[PDB]
$ cat input_39.txt   # compact mmCIF, C-alpha atoms
# COMPACT_ATOMS: atom_id res chain seq x y z
CA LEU A 25 51.97 -9.69 7.52
CA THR A 26 55.25 -7.82 8.01
CA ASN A 27 58.37 -9.03 6.19
CA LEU A 28 56.79 -12.31 5.10
CA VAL A 29 59.71 -12.54 2.62
CA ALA A 30 63.15 -11.33 3.72
CA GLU A 31 65.07 -9.01 1.37
CA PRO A 32 68.82 -8.14 1.41
CA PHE A 33 68.50 -4.57 2.66
CA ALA A 34 71.49 -5.00 5.00
CA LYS A 35 73.83 -5.85 2.11
CA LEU A 36 72.46 -2.88 0.17
CA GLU A 37 73.10 -0.35 2.97
CA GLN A 38 76.53 -1.83 3.68
CA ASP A 39 77.52 -1.41 0.02
CA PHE A 40 76.15 2.15 0.25
CA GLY A 41 78.14 2.79 3.43
CA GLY A 42 75.30 4.06 5.59
CA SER A 43 71.76 3.35 6.71
CA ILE A 44 68.63 2.77 4.64
CA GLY A 45 65.13 2.97 6.05
CA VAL A 46 62.17 1.47 4.19
CA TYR A 47 58.47 1.07 4.85
CA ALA A 48 56.11 -0.16 2.15
CA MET A 49 52.44 -1.01 2.49
CA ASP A 50 50.20 -2.99 0.19
CA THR A 51 46.92 -1.16 0.76
CA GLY A 52 44.91 -4.16 -0.43
CA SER A 53 46.00 -6.81 2.04
CA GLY A 54 47.81 -4.67 4.61
CA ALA A 55 51.06 -6.55 4.04
CA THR A 56 54.17 -4.51 4.76
CA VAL A 57 57.92 -4.51 4.19
CA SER A 59 59.86 -2.80 6.96
CA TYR A 60 63.57 -2.15 7.47
CA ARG A 61 64.82 0.45 9.99
CA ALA A 62 61.30 1.80 9.56
CA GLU A 63 60.97 3.51 12.96
CA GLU A 64 64.38 5.22 12.90
CA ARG A 65 64.51 8.93 12.29
CA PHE A 66 65.99 10.29 9.06
CA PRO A 67 66.19 13.91 7.86
CA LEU A 68 63.24 14.98 5.75
CA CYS A 69 65.23 17.35 3.52
CA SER A 70 62.90 18.54 0.73
CA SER A 71 60.47 15.67 1.32
CA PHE A 72 58.55 17.84 3.79
CA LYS A 73 57.36 19.90 0.81
CA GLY A 74 54.83 17.25 -0.19
CA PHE A 75 53.22 17.36 3.22
CA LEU A 76 53.42 21.16 3.08
CA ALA A 77 51.32 21.16 -0.10
CA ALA A 78 48.84 18.79 1.56
CA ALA A 79 48.56 21.14 4.52
CA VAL A 80 47.82 24.03 2.15
CA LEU A 81 45.15 21.93 0.43
CA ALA A 82 43.63 21.08 3.82
CA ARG A 83 43.44 24.77 4.70
CA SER A 84 41.88 25.49 1.32
CA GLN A 85 38.91 23.31 2.29
CA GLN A 86 37.97 25.98 4.85
CA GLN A 87 39.41 29.02 3.02
CA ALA A 88 37.85 29.20 -0.42
CA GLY A 89 40.07 31.17 -2.76
CA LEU A 90 43.25 30.37 -0.84
CA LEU A 91 44.69 28.48 -3.81
CA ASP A 92 44.03 31.39 -6.19
CA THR A 93 45.54 34.03 -3.91
CA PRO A 94 48.40 35.89 -5.65
CA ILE A 95 51.64 36.05 -3.65
CA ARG A 96 54.25 38.69 -4.39
CA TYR A 97 57.78 38.31 -3.05
CA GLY A 98 61.10 40.08 -3.13
CA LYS A 99 64.51 39.04 -4.32
CA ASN A 100 65.41 38.28 -0.70
CA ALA A 101 62.94 35.37 -0.76
CA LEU A 102 64.91 33.57 -3.51
CA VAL A 103 67.20 31.04 -1.88
CA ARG A 104 69.27 28.49 -3.77
CA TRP A 105 67.24 25.99 -5.82
CA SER A 106 64.16 28.10 -6.58
CA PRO A 107 63.86 27.26 -10.27
CA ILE A 108 60.21 28.23 -10.74
CA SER A 109 59.76 31.13 -8.34
CA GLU A 110 62.82 32.89 -9.77
CA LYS A 111 61.04 33.13 -13.15
CA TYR A 112 58.02 34.86 -11.57
CA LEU A 113 59.89 37.22 -9.20
CA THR A 114 58.67 40.25 -11.13
CA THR A 115 55.05 39.03 -11.35
CA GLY A 116 54.23 36.91 -8.30
CA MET A 117 52.62 33.47 -8.27
CA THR A 118 49.44 32.00 -6.83
CA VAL A 119 49.38 29.77 -3.76
CA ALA A 120 48.48 26.82 -6.02
CA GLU A 121 51.44 27.61 -8.32
CA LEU A 122 53.77 27.87 -5.33
CA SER A 123 52.49 24.54 -4.02
CA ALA A 124 53.01 22.85 -7.38
CA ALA A 125 56.53 24.30 -7.61
CA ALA A 126 57.42 23.12 -4.11
CA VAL A 127 56.20 19.59 -4.90
CA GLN A 128 57.28 19.22 -8.49
CA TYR A 129 60.55 21.18 -8.58
CA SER A 130 61.40 21.22 -4.86
CA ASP A 131 61.35 25.00 -5.13
CA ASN A 132 62.80 26.42 -1.90
CA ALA A 133 61.49 29.98 -2.10
CA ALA A 134 58.02 28.59 -2.73
CA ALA A 135 58.33 26.26 0.25
CA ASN A 136 59.35 29.07 2.60
CA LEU A 137 56.51 31.29 1.36
CA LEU A 138 54.00 28.52 1.97
CA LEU A 139 55.49 27.74 5.40
CA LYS A 140 54.89 31.39 6.31
CA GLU A 141 51.27 31.01 5.26
CA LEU A 142 50.89 28.01 7.62
CA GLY A 143 52.55 29.61 10.65
CA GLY A 144 56.03 28.22 10.12
CA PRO A 145 57.54 24.81 10.92
CA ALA A 146 55.31 24.46 13.98
CA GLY A 147 52.22 25.03 11.82
CA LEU A 148 53.19 22.24 9.44
CA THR A 149 53.99 20.01 12.42
CA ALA A 150 50.55 20.83 13.84
CA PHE A 151 48.92 19.73 10.58
CA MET A 152 50.74 16.42 10.74
CA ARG A 153 49.58 15.98 14.34
CA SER A 154 46.01 16.62 13.17
CA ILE A 155 46.11 13.58 10.86
CA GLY A 156 47.56 11.39 13.62
CA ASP A 157 51.30 11.58 12.85
CA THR A 158 53.17 11.87 16.15
CA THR A 159 56.64 11.34 14.67
CA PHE A 160 57.04 14.11 12.08
CA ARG A 161 58.74 17.28 13.21
CA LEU A 162 59.74 20.31 11.21
CA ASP A 163 61.82 22.77 13.19
CA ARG A 164 63.61 25.05 10.71
CA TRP A 165 63.19 26.73 7.33
CA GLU A 166 64.97 26.31 4.00
CA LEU A 167 67.93 26.01 3.79
CA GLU A 168 68.88 25.47 7.45
CA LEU A 169 66.71 22.35 7.76
CA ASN A 170 69.12 20.41 5.52
CA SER A 171 72.00 20.14 8.04
CA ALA A 172 71.35 16.37 8.45
CA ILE A 173 73.47 16.19 11.61
CA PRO A 174 73.84 12.62 12.97
CA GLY A 175 71.57 12.08 15.95
CA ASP A 176 69.77 15.42 15.54
CA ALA A 177 66.01 14.88 15.59
CA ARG A 178 65.18 18.31 14.17
CA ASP A 179 63.49 18.20 10.77
CA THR A 180 63.10 14.42 10.76
CA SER A 181 60.51 11.69 10.57
CA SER A 182 60.55 7.92 10.16
CA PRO A 183 59.89 5.94 6.97
CA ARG A 184 56.90 4.33 8.65
CA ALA A 185 55.30 7.62 9.71
CA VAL A 186 55.94 9.12 6.27
CA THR A 187 54.24 6.18 4.58
CA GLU A 188 51.32 6.13 7.02
CA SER A 189 50.75 9.86 6.57
CA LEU A 190 51.12 9.65 2.79
CA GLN A 191 48.50 6.91 2.70
CA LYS A 192 46.06 9.00 4.76
CA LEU A 193 46.47 12.01 2.48
CA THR A 194 46.48 10.33 -0.95
CA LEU A 195 44.18 7.34 -0.40
CA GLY A 196 42.43 7.83 2.94
CA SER A 197 40.13 10.51 4.29
CA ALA A 198 42.55 13.13 5.64
CA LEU A 199 41.75 15.40 2.66
CA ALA A 200 38.40 15.92 1.02
CA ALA A 201 38.09 14.17 -2.31
CA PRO A 202 38.90 17.12 -4.64
CA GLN A 203 41.92 18.16 -2.58
CA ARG A 204 43.06 14.53 -2.36
CA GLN A 205 43.09 14.24 -6.15
CA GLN A 206 44.91 17.57 -6.47
CA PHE A 207 47.59 16.31 -4.08
CA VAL A 208 47.89 13.07 -6.09
CA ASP A 209 48.08 15.09 -9.33
CA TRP A 210 50.91 17.25 -8.00
CA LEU A 211 52.87 14.19 -6.88
CA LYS A 212 52.30 12.50 -10.25
CA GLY A 213 53.73 15.59 -11.94
CA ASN A 214 56.96 15.58 -9.94
CA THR A 215 60.04 16.14 -12.11
CA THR A 216 62.82 15.43 -9.60
CA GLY A 217 62.36 11.70 -8.91
CA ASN A 218 63.02 9.87 -12.16
CA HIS A 219 66.08 8.06 -10.77
CA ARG A 220 64.58 7.07 -7.40
CA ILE A 221 61.35 5.10 -6.69
CA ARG A 222 60.14 5.75 -10.26
CA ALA A 223 63.18 3.88 -11.61
CA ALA A 224 61.83 0.74 -9.90
CA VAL A 225 58.23 1.22 -11.13
CA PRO A 226 57.17 -0.10 -14.56
CA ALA A 227 56.31 2.59 -17.09
CA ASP A 228 52.70 1.37 -17.43
CA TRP A 229 51.89 1.99 -13.73
CA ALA A 230 50.86 5.36 -12.34
CA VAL A 231 53.09 6.88 -9.67
CA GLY A 232 53.49 10.08 -7.71
CA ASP A 233 56.42 10.92 -5.49
CA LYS A 234 58.32 13.57 -3.58
CA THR A 235 62.11 13.52 -3.20
CA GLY A 236 64.46 14.96 -0.63
CA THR A 237 68.22 15.62 -0.83
CA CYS A 238 70.07 17.32 2.02
CA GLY A 239 73.54 17.82 0.59
CA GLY A 240 75.53 16.07 3.31
CA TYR A 241 75.82 12.88 5.35
CA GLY A 242 74.72 10.70 2.43
CA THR A 243 71.19 11.87 3.16
CA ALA A 244 68.46 11.61 0.52
CA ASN A 245 65.02 10.09 0.24
CA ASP A 246 61.85 9.58 -1.77
CA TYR A 247 58.27 8.63 -0.95
CA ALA A 248 55.64 7.52 -3.38
CA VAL A 249 52.18 6.15 -4.05
CA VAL A 250 52.25 3.56 -6.84
CA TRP A 251 49.23 2.11 -8.67
CA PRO A 252 50.17 -1.27 -10.17
CA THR A 254 47.54 -2.23 -12.69
CA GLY A 255 44.95 -4.74 -11.55
CA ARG A 256 45.65 -4.50 -7.81
CA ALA A 257 45.50 -2.09 -4.90
CA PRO A 258 48.00 0.76 -4.67
CA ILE A 259 51.28 0.56 -2.77
CA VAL A 260 52.59 3.34 -0.55
CA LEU A 261 56.27 3.44 0.31
CA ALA A 262 59.10 5.54 1.69
CA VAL A 263 62.86 5.11 1.30
CA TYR A 264 65.23 7.25 3.40
CA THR A 265 69.04 7.16 3.60
CA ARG A 266 71.82 8.68 5.68
CA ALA A 267 75.50 7.98 6.29
CA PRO A 268 77.96 8.72 9.07
CA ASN A 269 80.37 11.21 7.45
CA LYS A 270 79.53 14.76 6.37
CA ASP A 271 81.20 14.26 2.98
CA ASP A 272 79.49 10.92 2.25
CA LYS A 273 77.55 11.20 -1.00
CA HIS A 274 73.95 10.20 -1.41
CA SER A 275 72.96 7.65 -4.05
CA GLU A 276 69.85 7.71 -6.19
CA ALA A 277 70.65 4.18 -7.40
CA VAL A 278 70.49 2.90 -3.80
CA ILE A 279 67.04 4.43 -3.36
CA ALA A 280 65.78 2.78 -6.56
CA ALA A 281 67.33 -0.53 -5.49
CA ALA A 282 65.67 -0.37 -2.09
CA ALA A 283 62.33 0.38 -3.79
CA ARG A 284 62.78 -2.69 -6.00
CA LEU A 285 63.43 -4.87 -2.95
CA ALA A 286 60.34 -3.44 -1.24
CA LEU A 287 58.13 -4.30 -4.21
CA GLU A 288 59.66 -7.77 -4.40
CA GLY A 289 59.06 -8.24 -0.68
CA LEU A 290 55.38 -7.40 -1.18
CA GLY A 291 55.07 -9.87 -4.06
CA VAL A 292 54.25 -7.13 -6.57
CA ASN A 293 55.51 -8.30 -9.95
CA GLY A 294 57.40 -5.36 -11.46
$ encode --input "input_39.txt" --output "structure tokens"
Amino acid sequence: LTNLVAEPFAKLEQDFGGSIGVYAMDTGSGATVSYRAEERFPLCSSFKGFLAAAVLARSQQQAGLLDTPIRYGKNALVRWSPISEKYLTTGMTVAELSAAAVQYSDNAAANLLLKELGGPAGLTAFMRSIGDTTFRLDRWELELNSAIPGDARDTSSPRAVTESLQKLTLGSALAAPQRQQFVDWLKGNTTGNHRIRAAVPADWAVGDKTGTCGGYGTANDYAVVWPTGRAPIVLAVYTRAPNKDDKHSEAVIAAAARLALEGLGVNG
């Protein structure tokens, strides 16, 4: 049930000037669309969704984790911390930091939550615990964005991203309340309007998490989409390009998402 209908992903990535990786699953039938789906691509900020899921998983065993206030100093504020910079003088709760990391890609929040989990290895351990053997986080913000060609640090594959996203949003990897909280944070994302969401009709529910590295044409988005009247779709679109100065393209991500939905026969 993989690639029952071929789609012109090769022409799309050639026009883009790099590589595009796509994995999309129809959770009703199990049909999939797959293009470069087992290649590694940099996660960039997309690890922050899984970070929030790992915090939610811990909160199942640590009541009151989500409500814990976290104070931090000016030295925690790295570039692109649009929410945590407004609460520097007051602190924020773990839940607020998680929402900021997911919904605004807030970097200070992400690093503070990584510390709570035991660093990049602790997030990697969580992914191992749900059966993901591909994901690896190795560094912190902002160093993890280097996006060096051939470097496996801070990468996963579109397939593993989609499989893990399915487990966490629709499967049993989180308990039901935490699962719905994770879905709600993804639905509230503000950074993805020009990526997968641009391919999704306005009357369908969707949650997503973006990533943008800042070099090597490297950017991404993953999402769970609920078309009305049928089972949800889970998908991941990752890009990279050979030259450091190559620019990423949101339009290419949206276009690849459209092709994935067409390949699955989902009228959009």
$ residues_around --input "input_39.txt" --residues "stretch 73-76 of chain A" --least-positions-apart "5" --cutoff "7 Å" --atoms "all atoms listed in the file" --output "number ranges by chain"
A: 126-127, 135, 148, 234
$ closest_residue --input "input_39.txt" --among "A:177, A:25, A:137, A:55" --to "residue A:292" --atoms "only C-alpha atoms"
A:55
$ residues_around --input "input_39.txt" --residues "residue A:284" --least-positions-apart "6" --cutoff "12 Å" --atoms "all atoms listed in the file" --output "ChimeraX atom specification"
/A:31-33,36,46,48,57,220-226,261-263,277-278,290-294
$ closest_residue --input "input_39.txt" --among "A:114, A:189, A:132, A:109" --to "residue A:153" --atoms "all atoms listed in the file"
A:189
$ closest_residue --input "input_39.txt" --among "A:196, A:202, A:67, A:41" --to "residue A:244" --atoms "only C-alpha atoms"
A:67
